[PDB]
């Protein structure tokens, strides 16, 4: 197989697509979601290669810019309005651009994760979305009064586990929350650390909202 970077810098991110193949299963991705697959300060972008039906891969790593709006947070491909955020990201990773890793594998999220959490002393709490079970870990650590973690677990056809935790361990430090998401969407595994520049505690609505956008996005790639 041969790689090509024949596409221009995007204006919207939707002007071209690239076709990928996971052992026969195709995914067609608007090229603005592929900022890591570029050359020369994001002036040459990955393109379908003549004579090759698809890029045969084991994983795809898309990159999305996340942005606050009046209607929530939204995810964007590279475009002329947000490009400076991607340029910073490509230099040192230090901007509001998240990576989402897509593979094609059988789901291995536990259908009994919540039961396990209960056995560990993590407690169930009310959920804003009935299809998610919510849990809060407030277990006591004498040396770490800041220990605090949340889980939001979805089952169904496309299960997901969202973990949101305070990374602060001392008193001079500030609160610094981070998030992990593991999920299975339409036969794919989709794993990511969203909101990478946010240190503030995020609500269930912010976290589930992001994941709903990711589910729609990944599904749009196999609608083609």
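Numbering follows the first chain given and starts at 1.
**Q** Higher mean Cα B-factor in the deposited model: 108-116 or 131-139?
**A** Comparing averages over the C-alpha atoms only gives 108-116.
**Q** On mean Cα temperature factor in this entry, is 141-149 or 117-125 the higher one?
**A** The stretch with the larger average C-alpha B-factor is 141-149.
**Q** For the CA B factor values reported in this entry, which option in 61, 48, 174, 198 has the top one?
**A** Most elevated C-alpha B-factor of the set, per the entry: 174.
**Q** Please work out which residue in 168, 36, 26, 165 has the highest C-alpha B-factor recorded for this crystal structure.
**A** That would be 168.
**Q** Determine, from the deposited record, the chain-internal third of the Cα B-factor for residue 43: lowest, middle or highest.
**A** Tercile = highest for this residue's CA B-factor.
**Q** Among the modelled residues of its chain, does the C-alpha B-factor of residue 103 lie in the lowest, middle or highest third?
**A** Lowest third - that is where residue 103 ends up once the chain's C-alpha B-factors are sorted.
**Q** Going by the entry, which third of its chain does the Cα temperature factor of residue 94 land in?
**A** CA B-factor rank for residue 94: highest third.
**Q** Sorting by Cα B-factor within the chain, modelled residues only, which third would residue 189 end up in: lowest, middle or highest?
**A** CA B-factor rank for residue 189: lowest third.
**Q** Please rank the C-alpha B-factors of the chain's modelled residues and tell me whether residue 180 sits in the lowest, middle or highest third.
**A** Answer is lowest: the recorded C-alpha B-factor places it there.
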